[PDB]
Amino acid sequence: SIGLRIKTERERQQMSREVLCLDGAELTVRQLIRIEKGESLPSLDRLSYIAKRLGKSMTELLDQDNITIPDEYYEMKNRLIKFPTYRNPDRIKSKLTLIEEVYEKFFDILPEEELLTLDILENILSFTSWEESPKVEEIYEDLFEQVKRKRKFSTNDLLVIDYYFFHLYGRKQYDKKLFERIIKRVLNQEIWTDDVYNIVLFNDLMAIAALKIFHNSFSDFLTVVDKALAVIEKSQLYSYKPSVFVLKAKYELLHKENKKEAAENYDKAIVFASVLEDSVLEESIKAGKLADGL
Amino acid sequence: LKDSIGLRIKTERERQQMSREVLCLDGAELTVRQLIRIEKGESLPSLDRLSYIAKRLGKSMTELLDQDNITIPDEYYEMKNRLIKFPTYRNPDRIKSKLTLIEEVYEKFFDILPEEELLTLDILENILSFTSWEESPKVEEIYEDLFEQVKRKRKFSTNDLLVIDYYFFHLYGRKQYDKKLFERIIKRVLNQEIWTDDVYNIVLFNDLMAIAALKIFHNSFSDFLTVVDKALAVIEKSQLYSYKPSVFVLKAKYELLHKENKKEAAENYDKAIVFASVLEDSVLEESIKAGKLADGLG
Amino acid sequence: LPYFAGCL
Amino acid sequence: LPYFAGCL
DNA sequence: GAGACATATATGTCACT
DNA sequence: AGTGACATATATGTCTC
């Protein structure tokens, strides 16, 4: 099978043995024939070169129990990550329904990291209030404790932080110094090319800005807005820019005491939501504008 | 690599408190003298002996080499993201910038990039550096065997769609082309599945834009709205609305040349202009505003 | 959390 | 190609 | 553990069509 | 386009201390 998996993948990419072997400085076409036919067992050196040429890892090439995650999972994961509910109960119920479909179909083949992402996302979507929903410590003791000690955050680290921001929103009494540590570390994170990572990072930046507004602590507020813009500018995911205009509208109204400039930023978010044809977002921005005395 | 595997073998063996003599057992599959050479790095183990070492340690052979070695650095995907995702709209300054970025990408990662990534960069370099069908080589010149295989494939890959894009670049403004071949690959482009590979969907969206622009040049609007709907399906599935202004231009040119409706043509144009302005793309908005003024509107 | 922070 | 088809 | 020599296998070069 | 012949490289085994 080791020679058959190499031959099958080589022919899948419409690659000849000569192109794979190049100048023969690392592997000759003669020996590639012996490897694919099974006449010789490829050493780790040549198999490492074959893997590099084929774009596959050595693990993918010889793993007997290798299971492959179907495209339907990532299609369902794309709908769970990329379509903002904006806390709409119908969009939340649909995603919670989709999460249950994903679990019953792929649990046996998904690694622990992917199941942890679906688990945290399930608690984030189904969040009701800091009182009723499970506390971050109760379910994510180890993950949140590591986040306290961790300098660089992963996707699941940012998801736990988001669930922590959901519990932190309503409480008047809270750990103020711990919240200041998380802000500086989230602002210190580097923007990847992974859209899932950047989307969750953007969510944390939106939750930080929302928490500063509830606390009326507008220090470093423009820094969060700038990083939220930087995420949008690098991923070109403009479905989230209306939420940035709402942040600037809140900043002009509550901190700069400029109502005319706050209403103009609100109008830019409404126009942005209209051209995106997201009526749920457009209706939410117009309701927030009128509730803000505008 | 010799030390990387021998270090992992010795570490897992010593943490399990198993000795070299106990691991090698009688010696039927591996000897103690060879295990010393494998762990110390003097010799690289073969697959049959690596399978025995994994079996004795309770691991699978994958777990002993589960290292993500020869992984493409993050900087490549970051530089590749800038090449795929920021449309130049045939701007000379943006095209030359990406041509510069390709030269930087190729110098830093050529020895490590897979064949398909190198092929993607090469086709992308020709698409960007394309000027006109008379001064640019035909698709059957620089990609002879590749484009012949694409003529017969049913499921297009990313590089297959990139070759089709260059082939579309050479078809434009040309007369006496293979008509039946053009209609056939149109059907196959409109048959591709839209998954969650943004690189694929962006290139797929490019082919759809090229087909509509060719249909406009040919004055053949059969299945034009079908090409428009699949283009919107790519945008809505991937949520990459950075390309939606181009779709509004297509619907405007459809109303102007097929429906003979200059009112709707000028209205869809305005939707593209306000969409490009809300995206803050100066080159895109100034290009769409020049197209509306050239078609005799506004 | 407000609606604009519910980007999931 | 025209400008709108140059989405690369 | 390490060096010496022998052996099995993988790999490379040649030669042929 | 795959072959087979033959040398070389490398891993592996069997001594040896």
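Note that these values count all heavy atoms, side chains included, but never hydrogens, waters or copies made by symmetry. We name chains A, B, ... by the order of the sequence lines, and we start the count at 1 in each one.
Of the candidate nucleotides F:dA11, E:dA10, F:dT3, F:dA11 has the atom lying nearest to any side-chain atom of B:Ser43. For A:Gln31, the side-chain atoms get nearest to E:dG12 when compared with the rest of E:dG1, E:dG12, F:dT3. Among the nucleotides E:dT13, F:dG2, E:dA2, the one closest to the side chain of A:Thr28 is E:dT13.
Ring-centre distance between D:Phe4 and B:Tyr89: not below the 6.0 Å cut-off.
As judged by a 4.0 angstrom heavy-atom cut-off over every strand, A:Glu36 is placed among residues making no nucleic acid contact.
The nearest whole Å value for the distance from the CD1 atom in B:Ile36 to the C1' atom in F:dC17 is 14 Å. Rounding to whole angstrom units, CG of residue A:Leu41 and P of F:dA9 are separated by 22 Å. When rounded to the nearest whole Å, the span between CD of A:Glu11 and P of F:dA1 equals 13 Å. The nearest whole Å value for the distance from the CD1 atom in A:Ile35 to the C1' atom in E:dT11 is 8 Å. Computed from coordinates, the A:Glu26 CD to E:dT13 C1' distance equals 18 Å when rounded to whole Å. Separating the CZ atom of A:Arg17 from the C1' atom of F:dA1 is a distance of 9 Å, rounded to the nearest angstrom. Per the geometry, CZ belonging to B:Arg49 stands 18 Å off P belonging to F:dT10, to the nearest Å. Protein atom CG of A:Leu32 is 12 Å distant from nucleotide atom P of F:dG2, rounded to whole Å.
The closest side-chain donor-acceptor pair between B:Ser4 and B:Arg8 falls under 3.5 angstrom. A donor-acceptor contact closer than 3.5 angstrom links the side chains of B:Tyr143 and B:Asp122. A donor and an acceptor atom, one from each side chain of B:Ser238 and B:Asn201, are nowhere located under 3.5 Å apart.
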If you restrict it to nitrogen or oxygen atoms, what contacts under 3.5 Å exist between nucleotides 4-7 of chain F and the protein, and what is each distance?
from: F:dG4; atom 1: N7; to: A:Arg30; atom 2: NH2; distance (Å): 3.1
from: F:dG4; atom 1: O6; to: A:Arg30; atom 2: NE; distance (Å): 2.9
from: F:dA5; atom 1: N6; to: A:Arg34; atom 2: NH2; distance (Å): 3.2

Side chain to side chain donor-acceptor pair (under 3.5 Å) between A:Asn78 and B:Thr196, intermediate numbers included: CA-CA 7 Å; A:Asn78 180 73; B:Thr196 63; 5.8 Å; no
Pair assignment for DNA chain F - dot-bracket with | for other-strand partners, Watson-Crick or G-U under 3.5 Å: .||||||||||||||.|
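Residues passing the ring-ring contact (aromatic ring centres under 6.0 Å, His included) test with A:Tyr73, sequence neighbours excluded: A:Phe106.
Look at B:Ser46 and you'll find a side-chain N or O under 4.0 angstrom from OP1 or OP2 of F:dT12.
In this structure, the separation between NZ on A:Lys77 and OG1 on A:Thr117 is 5.5 Å, given to the nearest 0.5 Å.
Aromatic ring pairs are classed by plane angle as parallel below 30°, tilted from 30° to 60° and perpendicular above 60°; the pair B:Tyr166 and B:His170 is tilted. Ring planes of A:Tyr197 and A:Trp192: parallel class, angle under 30° (limits at 30 and 60°).
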